[PDB]
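**Q** Quick one: the structure is below, questions incoming.
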Amino acid sequence: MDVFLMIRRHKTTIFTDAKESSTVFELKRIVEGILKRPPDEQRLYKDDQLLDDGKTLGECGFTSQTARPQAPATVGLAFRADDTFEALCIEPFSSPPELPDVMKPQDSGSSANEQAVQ
Amino acid sequence: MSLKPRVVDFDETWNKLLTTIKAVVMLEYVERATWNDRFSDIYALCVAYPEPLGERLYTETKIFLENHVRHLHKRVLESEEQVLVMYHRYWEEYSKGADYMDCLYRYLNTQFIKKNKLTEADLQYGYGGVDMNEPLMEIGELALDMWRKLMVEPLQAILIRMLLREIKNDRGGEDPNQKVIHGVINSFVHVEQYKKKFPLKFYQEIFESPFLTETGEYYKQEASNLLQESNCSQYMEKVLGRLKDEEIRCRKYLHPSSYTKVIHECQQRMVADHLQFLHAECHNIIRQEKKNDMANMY
Amino acid sequence: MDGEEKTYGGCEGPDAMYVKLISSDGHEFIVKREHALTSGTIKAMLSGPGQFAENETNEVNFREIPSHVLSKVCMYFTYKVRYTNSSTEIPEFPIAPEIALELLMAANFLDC
Amino acid sequence: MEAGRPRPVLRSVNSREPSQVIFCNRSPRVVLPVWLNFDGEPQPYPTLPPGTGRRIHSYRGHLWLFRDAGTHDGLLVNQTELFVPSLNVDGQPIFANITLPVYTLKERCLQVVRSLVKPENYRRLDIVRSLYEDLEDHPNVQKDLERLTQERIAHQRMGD
């Protein structure tokens with residue numbers, strides 16, 4: 001019945017929960033309590049697609065089959081200045097480092113040095 | 001800083017940390033940011049290089065606490081019967097501060113000291129006051145251990161006796177506050193070391209027993225005074241009221257455990273040694289009607 | 001909108017309800033207070049400083065944990081709180097290999 | 001008997017009284033049951049699949065612990081580290097339920113990484129240095145025994 005979400009815009013993420021069969025509008029209300037800005041200014045996007053309040057979140061494809069507590073779905077968020085909308089732009093999370101030799105599985109060794117091992 | 005193993009200098013971090021630790025004790029305001037920083041500080045210390053800063057930091061904290069609580073005891077002692085008052089405020093600020101430390105330290109506690117000096121046990125130091133380093137077990141237990149030493153001092157016989165002189169009066173010596181009396185009394189319970197059972201032994205032996213005997217004498221003198229001057233019918237109402245005041249006082253000053261002990265001596269002092277006189281009165285009281293007189297007897 | 005509802009339910013609520021986490025590179029993570037309580041270091045922060053902390057002000061600063069690690073930490077919280085106190089099936093939890101060393105140190109620090 | 005406690009602390013006692021037990025593997029792992037003999041030495045037994053249960057003829061006072069067969073990670077029996085049979089009653093056989101413990105996130109990650117990388121290359125990974133030592137400290141029954149022994153002494157206290 002529940003779907004687990006992350007609402008993201010520009011290096012901020014909110015971990016939130018919402019019902020599968022609830023409206024896109026309901027989610028804007030959750031955002032208003034925490035961020036303390038009106039729903040009307042906000043825009044919620046799914047894969048850079050504008051979402052309307054005639055649409056519910058299960059229909060957007062945020063069903064519990066793809067949305068998990070382990071890995072949530074991403075909801076895009078934009079604000080408006082007044083009338084004119086800013087549109088999406090999410091700055092990403094830093095890349096995870098290069099995978100080191102040690103974690104790669106084994107491969108053949110090398111012939112012993114002449115001197116003692118340091 | 002980072003999760004990855006770094007190089008970290010002890011002393012630069014420790015001075016700033018010491019400054020923060022000292023604010024938390026005596027309840028001067030620590031900031032949110034700095035509090036967060038401290039958790040990171042302890043972490044960086046613990047992980048850095050093969051040789052951990054963790055153990056260096058453990059000795060260092062132990063010595064710094066020892067000297068500080070001692071020097072605060074000597075400062076607290078200094079006042080002329082406002083000793084109890086400062087002991088209460090240092091204990092109250094401390095209580096919250098010690099809760100914060102245990103919290104702050106949780107990572108050190110978990111990862112390091114998965115073992116004590118398991119293998120061997122000293123009989124050279126390990127119980128009672130010594131200047132030798134105290135066991136390697138966790139922060140709360142350590143805190144309780146440093147505290148037990150303070151109390152022994154030859155100052156405790158006169159001071160307790162003089163403090164008691166003020167308290168034994170329930171009239172003609174009114175009154176010491178609930179906040180002040182309480183502050184001393186829970187400190188006496190706290191200032192014992194980690195035990196497997198009730199701390200309360202120290203409190204009963206040092207404070208409770210001289211307090212009880214002296215409380216007896218007040219009542220003994222008062223009861224004889226009233227018996228002589230006043231008649232039977234004025235004594236029973238007044239002693240019932242004197243008991244009513246003792247319950248109120250007990251509830252405010254003391255620990256639950258002594259509520260009963262204190263009143264139990266006073267009730268016994270008023271009637272139970274006078275009973276022979278009272279038993280002789282009762283027969284005339286039953287012959288007359290007097291509902292209230294019989295009720296007070298009963 | 002429709003049918004029986006409550007303001008307070010639906011996980012809408014003031015700033016005391018949710019707690020703020022700051023990364024190393026300054027990325028913000030907003031989680032539910034109950035999630036934040038799972039790690040002991042964070043639990044310990046929120047109990048303190050805290051002689052003044054009855055002001056609806058909550059923050060945690062990481063000077064070691066960047067956002068790619070920290071997100072996996074948040075995911076873990078959402079999962080832990082949701083499955084506990086039910087007998088519903090609980091699947092495994094994803095760990096990327098690259099991230100694994102860093103997720104393991106951050107987990108070890110966090111006391112989760 | 002002799003006064004004092006002979007033998008190691010964690011060991012089974014040869015109590016002649018039999019107890020019927022059924023082991024139920026409630027977890028996803030292949031479970032390797034271990035019986036601590038009178039000597040306190042761990043003895044392996046045949047492994048059990050995740051779906052399965054098995055009948056065992058134990059004795060009251062015997063000690064058993066359970067681990068992942070491959071990994072040797074800890075498992076719980078009746079929500080605890082050790083299982084000791086007690087006398088059966090009308091109760092019929094005593095059940096030992098092997099369940100996965102809820103591992104700390106850090107420990108779980110260690111487990112996953114350990115499976116993935118050879119021990120020779122723990123050091124090669126670009127992770128925090130302290131973790132390297134942790135990775136090397138794989139689960140060990142003997143270590144567990146030592147820990148349990150110490151905990152047990154703590155458990156012992158004077159009576160009321």
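Here, A, B, ... name the chains of the structure tokens in the order displayed, residue numbers run from 1 inside each chain, and ligands are numbered from 1 in the same displayed order.
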For chain D against chain C, which residues fall within 12 Å using only C-alpha atoms, given as a PyMOL selection string?

**A** chain D and resi 27-28+100+102-117+122-135

**Q** Any chance you can output those residues with N, CA and C atoms as an mmCIF file, in the first residue's frame?

**A**
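Final file, result.cif:
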```
data_model
loop_
_atom_site.group_PDB
_atom_site.id
_atom_site.type_symbol
_atom_site.label_atom_id
_atom_site.label_comp_id
_atom_site.auth_asym_id
_atom_site.auth_seq_id
_atom_site.Cartn_x
_atom_site.Cartn_y
_atom_site.Cartn_z
ATOM 1 N N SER D 27 16.090 -19.364 8.674
ATOM 2 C CA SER D 27 16.813 -18.333 7.971
ATOM 3 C C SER D 27 17.135 -18.758 6.565
ATOM 4 N N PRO D 28 17.612 -17.789 5.824
ATOM 5 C CA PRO D 28 18.030 -17.950 4.450
ATOM 6 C C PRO D 28 19.384 -18.573 4.278
ATOM 7 N N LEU D 100 17.851 -15.401 11.323
ATOM 8 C CA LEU D 100 18.892 -14.487 10.973
ATOM 9 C C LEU D 100 18.828 -13.401 11.999
ATOM 10 N N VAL D 102 19.272 -9.440 13.165
ATOM 11 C CA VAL D 102 19.306 -8.262 12.357
ATOM 12 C C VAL D 102 20.686 -7.704 12.546
ATOM 13 N N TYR D 103 21.513 -7.818 11.492
ATOM 14 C CA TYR D 103 22.892 -7.416 11.548
ATOM 15 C C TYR D 103 22.968 -5.931 11.457
ATOM 16 N N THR D 104 23.999 -5.342 12.099
ATOM 17 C CA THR D 104 24.184 -3.926 11.997
ATOM 18 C C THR D 104 24.510 -3.673 10.563
ATOM 19 N N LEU D 105 24.300 -2.428 10.105
ATOM 20 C CA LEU D 105 24.507 -2.104 8.725
ATOM 21 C C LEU D 105 25.954 -2.329 8.416
ATOM 22 N N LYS D 106 26.838 -1.902 9.332
ATOM 23 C CA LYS D 106 28.256 -1.998 9.139
ATOM 24 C C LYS D 106 28.630 -3.445 9.021
ATOM 25 N N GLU D 107 28.090 -4.302 9.906
ATOM 26 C CA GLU D 107 28.476 -5.686 9.867
ATOM 27 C C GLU D 107 27.980 -6.345 8.619
ATOM 28 N N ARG D 108 26.764 -5.995 8.165
ATOM 29 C CA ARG D 108 26.222 -6.622 6.994
ATOM 30 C C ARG D 108 27.096 -6.281 5.830
ATOM 31 N N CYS D 109 27.538 -5.012 5.751
ATOM 32 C CA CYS D 109 28.351 -4.566 4.657
ATOM 33 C C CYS D 109 29.642 -5.312 4.678
ATOM 34 N N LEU D 110 30.185 -5.547 5.881
ATOM 35 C CA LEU D 110 31.422 -6.258 5.980
ATOM 36 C C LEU D 110 31.203 -7.628 5.402
ATOM 37 N N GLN D 111 30.039 -8.242 5.688
ATOM 38 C CA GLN D 111 29.790 -9.577 5.223
ATOM 39 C C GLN D 111 29.751 -9.597 3.728
ATOM 40 N N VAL D 112 29.058 -8.626 3.109
ATOM 41 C CA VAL D 112 28.915 -8.626 1.681
ATOM 42 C C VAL D 112 30.252 -8.440 1.031
ATOM 43 N N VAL D 113 31.073 -7.512 1.560
ATOM 44 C CA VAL D 113 32.353 -7.217 0.979
ATOM 45 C C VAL D 113 33.239 -8.421 1.076
ATOM 46 N N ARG D 114 33.200 -9.128 2.221
ATOM 47 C CA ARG D 114 34.064 -10.253 2.442
ATOM 48 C C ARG D 114 33.781 -11.304 1.415
ATOM 49 N N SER D 115 32.499 -11.511 1.075
ATOM 50 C CA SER D 115 32.176 -12.531 0.120
ATOM 51 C C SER D 115 32.742 -12.166 -1.225
ATOM 52 N N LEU D 116 32.711 -10.864 -1.562
ATOM 53 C CA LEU D 116 33.129 -10.324 -2.830
ATOM 54 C C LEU D 116 34.612 -10.273 -3.056
ATOM 55 N N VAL D 117 35.423 -9.993 -2.015
ATOM 56 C CA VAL D 117 36.817 -9.762 -2.288
ATOM 57 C C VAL D 117 37.650 -10.802 -1.591
ATOM 58 N N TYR D 122 42.241 -7.254 0.677
ATOM 59 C CA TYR D 122 41.439 -6.347 1.451
ATOM 60 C C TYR D 122 42.074 -4.992 1.422
ATOM 61 N N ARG D 123 43.404 -4.967 1.567
ATOM 62 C CA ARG D 123 44.172 -3.764 1.679
ATOM 63 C C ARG D 123 44.084 -2.950 0.419
ATOM 64 N N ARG D 124 43.915 -3.602 -0.744
ATOM 65 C CA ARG D 124 43.874 -2.929 -2.017
ATOM 66 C C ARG D 124 42.671 -2.035 -2.142
ATOM 67 N N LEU D 125 41.572 -2.340 -1.433
ATOM 68 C CA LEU D 125 40.375 -1.555 -1.582
ATOM 69 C C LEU D 125 40.588 -0.151 -1.095
ATOM 70 N N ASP D 126 39.930 0.830 -1.760
ATOM 71 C CA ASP D 126 40.104 2.197 -1.358
ATOM 72 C C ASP D 126 38.977 2.567 -0.446
ATOM 73 N N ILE D 127 39.114 2.173 0.832
ATOM 74 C CA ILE D 127 38.147 2.440 1.852
ATOM 75 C C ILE D 127 38.922 2.931 3.030
ATOM 76 N N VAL D 128 38.229 3.327 4.114
ATOM 77 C CA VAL D 128 38.915 3.836 5.268
ATOM 78 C C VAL D 128 39.831 2.770 5.780
ATOM 79 N N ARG D 129 41.001 3.193 6.293
ATOM 80 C CA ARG D 129 42.035 2.289 6.706
ATOM 81 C C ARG D 129 41.593 1.406 7.838
ATOM 82 N N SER D 130 40.817 1.942 8.796
ATOM 83 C CA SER D 130 40.426 1.198 9.961
ATOM 84 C C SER D 130 39.599 0.007 9.578
ATOM 85 N N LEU D 131 38.853 0.098 8.465
ATOM 86 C CA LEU D 131 37.974 -0.965 8.068
ATOM 87 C C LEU D 131 38.738 -2.197 7.708
ATOM 88 N N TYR D 132 39.977 -2.034 7.231
ATOM 89 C CA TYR D 132 40.776 -3.129 6.772
ATOM 90 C C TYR D 132 40.911 -4.150 7.867
ATOM 91 N N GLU D 133 41.216 -3.707 9.100
ATOM 92 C CA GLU D 133 41.410 -4.601 10.203
ATOM 93 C C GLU D 133 40.112 -5.275 10.508
ATOM 94 N N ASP D 134 39.002 -4.521 10.414
ATOM 95 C CA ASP D 134 37.706 -5.048 10.724
ATOM 96 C C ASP D 134 37.374 -6.160 9.773
ATOM 97 N N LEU D 135 37.708 -5.989 8.481
ATOM 98 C CA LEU D 135 37.405 -6.957 7.464
ATOM 99 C C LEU D 135 38.129 -8.234 7.766
#
```

**Q** Would you write out, as a Markdown table, a table of all residues in chain C that have an atom no more than 10 Å from an atom of chain B, listing for each the closest atom pair and the distance in Å to one decimal, considering only C-alpha atoms and ordering rows by chain and rising residue number?

**A**
```
| residue | atom | partner | partner_atom | distance |
| --- | --- | --- | --- | --- |
| C:24 | CA | B:2 | CA | 8.9 |
| C:40 | CA | B:106 | CA | 7.5 |
| C:41 | CA | B:39 | CA | 7.3 |
| C:42 | CA | B:36 | CA | 8.7 |
| C:43 | CA | B:103 | CA | 8.4 |
| C:44 | CA | B:103 | CA | 5.1 |
| C:45 | CA | B:36 | CA | 6.6 |
| C:46 | CA | B:32 | CA | 9.2 |
| C:47 | CA | B:100 | CA | 7.7 |
| C:48 | CA | B:100 | CA | 6.4 |
| C:49 | CA | B:32 | CA | 6.0 |
| C:50 | CA | B:30 | CA | 7.5 |
| C:51 | CA | B:29 | CA | 6.9 |
| C:52 | CA | B:29 | CA | 7.5 |
| C:53 | CA | B:32 | CA | 8.5 |
| C:57 | CA | B:32 | CA | 8.9 |
| C:58 | CA | B:32 | CA | 8.2 |
| C:59 | CA | B:32 | CA | 7.3 |
| C:60 | CA | B:36 | CA | 6.1 |
| C:61 | CA | B:36 | CA | 5.8 |
| C:62 | CA | B:40 | CA | 7.3 |
| C:63 | CA | B:1 | CA | 6.1 |
| C:64 | CA | B:2 | CA | 4.2 |
| C:65 | CA | B:3 | CA | 7.1 |
| C:66 | CA | B:2 | CA | 9.2 |
| C:101 | CA | B:4 | CA | 9.2 |
| C:102 | CA | B:3 | CA | 7.1 |
| C:103 | CA | B:3 | CA | 9.6 |
| C:104 | CA | B:3 | CA | 9.6 |
| C:105 | CA | B:3 | CA | 6.1 |
| C:106 | CA | B:3 | CA | 6.9 |
| C:108 | CA | B:107 | CA | 8.5 |
| C:109 | CA | B:107 | CA | 6.8 |
| C:110 | CA | B:107 | CA | 8.1 |
| C:111 | CA | B:107 | CA | 6.9 |
```

**Q** Residues of chain C within 6 Å of chain A, using only C-alpha atoms, as a PyMOL selection string?

**A** chain C and resi 12-15+27-31+67-68+75+78-79+98-99

**Q** Could those selected residues go to a file with N, CA, C and O atoms, as a compact mmCIF listing (two decimals), in the first residue's frame?

**A**
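Output contents, as saved in result01.txt:
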```
# COMPACT_ATOMS: atom_id res chain seq x y z
N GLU C 12 3.03 15.17 7.68
CA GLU C 12 3.11 16.54 7.33
C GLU C 12 3.34 17.03 8.69
O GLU C 12 2.64 16.58 9.60
N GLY C 13 4.23 18.06 8.86
CA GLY C 13 4.44 18.59 10.14
C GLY C 13 5.63 19.45 10.17
O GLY C 13 6.33 19.57 9.20
N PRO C 14 5.72 20.19 11.27
CA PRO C 14 6.75 21.21 11.48
C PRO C 14 8.15 20.61 11.49
O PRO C 14 8.42 19.46 11.25
N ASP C 15 9.11 21.54 11.68
CA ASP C 15 10.49 21.30 11.65
C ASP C 15 10.92 20.27 12.80
O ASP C 15 11.79 19.46 12.52
N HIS C 27 25.79 18.79 1.01
CA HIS C 27 24.46 18.34 0.50
C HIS C 27 23.57 18.19 1.72
O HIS C 27 24.06 18.03 2.86
N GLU C 28 22.21 18.40 1.65
CA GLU C 28 21.32 18.38 2.78
C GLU C 28 20.55 17.07 2.67
O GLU C 28 20.08 16.66 1.61
N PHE C 29 20.37 16.38 3.84
CA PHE C 29 19.48 15.24 3.92
C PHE C 29 18.48 15.48 5.00
O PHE C 29 18.87 15.66 6.18
N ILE C 30 17.17 15.45 4.63
CA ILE C 30 16.02 15.60 5.52
C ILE C 30 15.44 14.28 5.63
O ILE C 30 15.12 13.62 4.63
N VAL C 31 15.33 13.84 6.92
CA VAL C 31 14.86 12.56 7.22
C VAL C 31 13.91 12.93 8.32
O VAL C 31 14.10 13.93 8.96
N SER C 67 27.86 12.76 0.43
CA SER C 67 26.53 12.43 0.10
C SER C 67 26.26 11.03 -0.46
O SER C 67 25.22 10.50 -0.11
N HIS C 68 27.16 10.39 -1.28
CA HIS C 68 26.93 9.09 -1.86
C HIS C 68 26.85 8.05 -0.87
O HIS C 68 26.09 7.07 -1.02
N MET C 75 18.75 5.40 3.27
CA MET C 75 17.94 4.38 2.77
C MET C 75 17.72 3.31 3.69
O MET C 75 16.62 2.78 3.74
N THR C 78 15.02 4.20 6.42
CA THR C 78 13.69 4.11 5.90
C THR C 78 13.26 2.67 5.99
O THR C 78 12.25 2.33 6.60
N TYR C 79 14.16 1.79 5.48
CA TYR C 79 13.95 0.29 5.56
C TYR C 79 13.84 -0.27 6.96
O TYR C 79 12.89 -0.98 7.27
N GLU C 98 31.91 -0.41 -4.92
CA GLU C 98 32.86 0.70 -4.85
C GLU C 98 32.80 1.44 -3.55
O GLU C 98 33.84 1.87 -3.05
N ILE C 99 31.45 1.59 -3.19
CA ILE C 99 30.92 2.35 -2.06
C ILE C 99 31.21 1.58 -0.83
O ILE C 99 31.20 2.20 0.23
```

**Q** Write out as a PyMOL selection string which residues come within 10 Å of residue 49 in chain A when counting only C-alpha atoms, dropping same-chain ones fewer than 5 positions away.

**A** chain A and resi 44+60+76+88

**Q** Could you dump the residues just selected with C-alpha atoms as a PDB file, in the first residue's frame?

**A**
```pdb
ATOM      1  CA  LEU A  44       6.735  18.034  -9.125  1.00  0.00           C
ATOM      2  CA  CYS A  60       2.782   8.349 -12.753  1.00  0.00           C
ATOM      3  CA  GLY A  76      11.841  16.148  -9.493  1.00  0.00           C
ATOM      4  CA  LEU A  88      14.182  21.100 -13.176  1.00  0.00           C
TER       5      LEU A  88
END
```

**Q** How many Å lie between CA of residue 6 in chain D and CA of residue 114 in chain B, rounded to one decimal?

**A**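 Separating CA of residue 6 in chain D from CA of residue 114 in chain B is a distance of 26.3 Å.
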
**Q** Take CA of residue 249 in chain B and CA of residue 214 in chain B and report the distance between them in Å, one decimal.

**A**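 It comes out at 15.7 Å.
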
**Q** What separation in Å, quoted to one decimal, exists between CA of residue 297 in chain B and CA of residue 237 in chain B?

**A**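 CA of residue 237 in chain B lies at a distance of 9.5 Å from CA of residue 297 in chain B.
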
**Q** Just list the residues in chain C DSSP gives helix (DSSP H, G or I) on the backbone, as an mmCIF file with C-alpha atoms, in the first residue's frame.

**A**
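The result, written out as result03.cif:
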```cif
data_model
loop_
_atom_site.group_PDB
_atom_site.id
_atom_site.type_symbol
_atom_site.label_atom_id
_atom_site.label_comp_id
_atom_site.auth_asym_id
_atom_site.auth_seq_id
_atom_site.Cartn_x
_atom_site.Cartn_y
_atom_site.Cartn_z
ATOM 1 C CA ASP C 15 10.491 21.297 11.650
ATOM 2 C CA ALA C 16 10.608 19.257 15.080
ATOM 3 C CA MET C 17 9.248 16.249 13.179
ATOM 4 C CA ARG C 33 13.170 12.259 13.385
ATOM 5 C CA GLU C 34 12.443 8.512 14.054
ATOM 6 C CA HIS C 35 14.868 7.564 11.277
ATOM 7 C CA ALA C 36 17.583 9.836 12.645
ATOM 8 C CA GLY C 40 23.419 6.311 18.078
ATOM 9 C CA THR C 41 25.735 9.274 17.200
ATOM 10 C CA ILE C 42 22.795 11.189 15.769
ATOM 11 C CA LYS C 43 20.556 10.065 18.660
ATOM 12 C CA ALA C 44 23.190 11.412 21.034
ATOM 13 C CA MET C 45 23.369 14.741 19.186
ATOM 14 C CA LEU C 46 19.698 15.303 19.339
ATOM 15 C CA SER C 47 19.558 14.586 23.182
ATOM 16 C CA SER C 67 26.527 12.428 0.096
ATOM 17 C CA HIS C 68 26.927 9.092 -1.864
ATOM 18 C CA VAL C 69 27.582 7.282 1.412
ATOM 19 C CA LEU C 70 25.082 9.273 3.379
ATOM 20 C CA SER C 71 22.175 8.493 0.937
ATOM 21 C CA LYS C 72 22.732 4.691 1.474
ATOM 22 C CA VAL C 73 22.691 5.468 5.269
ATOM 23 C CA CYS C 74 19.219 7.269 4.812
ATOM 24 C CA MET C 75 17.942 4.381 2.770
ATOM 25 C CA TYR C 76 18.825 2.043 5.508
ATOM 26 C CA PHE C 77 16.834 4.099 8.049
ATOM 27 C CA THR C 78 13.691 4.110 5.903
ATOM 28 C CA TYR C 79 13.951 0.292 5.555
ATOM 29 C CA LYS C 80 14.779 -0.357 9.266
ATOM 30 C CA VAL C 81 12.000 1.651 10.736
ATOM 31 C CA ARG C 82 9.393 0.379 8.101
ATOM 32 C CA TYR C 83 9.956 -3.405 8.477
ATOM 33 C CA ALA C 100 31.304 -0.722 0.309
ATOM 34 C CA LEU C 101 34.494 0.363 2.084
ATOM 35 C CA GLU C 102 33.127 3.889 2.729
ATOM 36 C CA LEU C 103 29.616 2.585 3.655
ATOM 37 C CA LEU C 104 31.243 0.214 6.089
ATOM 38 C CA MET C 105 33.326 2.987 7.828
ATOM 39 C CA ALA C 106 30.336 5.383 7.900
ATOM 40 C CA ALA C 107 28.156 2.582 9.318
ATOM 41 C CA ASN C 108 30.857 1.789 11.947
ATOM 42 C CA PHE C 109 31.027 5.497 13.008
ATOM 43 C CA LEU C 110 27.319 6.058 13.065
#
```

**Q** Write out as a ChimeraX atom specification the set of residues from chain A that DSSP, computed on the backbone, places in strand (DSSP E or B).

**A** /A:2-9,12-19,23,43-45,50,56,73-78,80,85

**Q** As a list in words, please: the residues near residue 78 in chain D (cut-off 9 Å, only C-alpha atoms, same-chain neighbours under 4 positions excluded).

**A**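 The residues satisfying every condition are residues 82, 83, 95, 96, 97, 98 and 99 of chain D.
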
**Q** Would you put the residues from that selection into a file with N, CA and C atoms, as an mmCIF file, in the first residue's frame?

**A**
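Output saved as part_5.cif:
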```
data_model
loop_
_atom_site.group_PDB
_atom_site.id
_atom_site.type_symbol
_atom_site.label_atom_id
_atom_site.label_comp_id
_atom_site.auth_asym_id
_atom_site.auth_seq_id
_atom_site.Cartn_x
_atom_site.Cartn_y
_atom_site.Cartn_z
ATOM 1 N N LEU D 82 23.101 -18.897 22.387
ATOM 2 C CA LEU D 82 23.302 -20.293 22.691
ATOM 3 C C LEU D 82 21.997 -20.968 22.975
ATOM 4 N N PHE D 83 21.934 -22.281 22.668
ATOM 5 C CA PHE D 83 20.753 -23.069 22.874
ATOM 6 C C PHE D 83 21.096 -24.167 23.829
ATOM 7 N N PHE D 95 11.951 -26.828 20.679
ATOM 8 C CA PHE D 95 12.337 -26.319 19.393
ATOM 9 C C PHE D 95 13.462 -25.351 19.526
ATOM 10 N N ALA D 96 14.411 -25.445 18.573
ATOM 11 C CA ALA D 96 15.478 -24.500 18.473
ATOM 12 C C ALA D 96 15.273 -23.843 17.147
ATOM 13 N N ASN D 97 14.910 -22.546 17.155
ATOM 14 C CA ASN D 97 14.615 -21.872 15.925
ATOM 15 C C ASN D 97 15.802 -21.059 15.529
ATOM 16 N N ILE D 98 16.341 -21.331 14.325
ATOM 17 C CA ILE D 98 17.490 -20.610 13.877
ATOM 18 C C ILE D 98 16.979 -19.492 13.037
ATOM 19 N N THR D 99 17.350 -18.252 13.396
ATOM 20 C CA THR D 99 16.862 -17.138 12.650
ATOM 21 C C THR D 99 18.020 -16.256 12.345
#
```

**Q** With a distance cut-off of 6 Å and only C-alpha atoms, select the neighbouring residues of residue 42 in chain A, excluding the residue or stretch itself and same-chain residues fewer than 3 positions from it, and output the selection as number ranges by chain.

**A** A: 39, 78-79
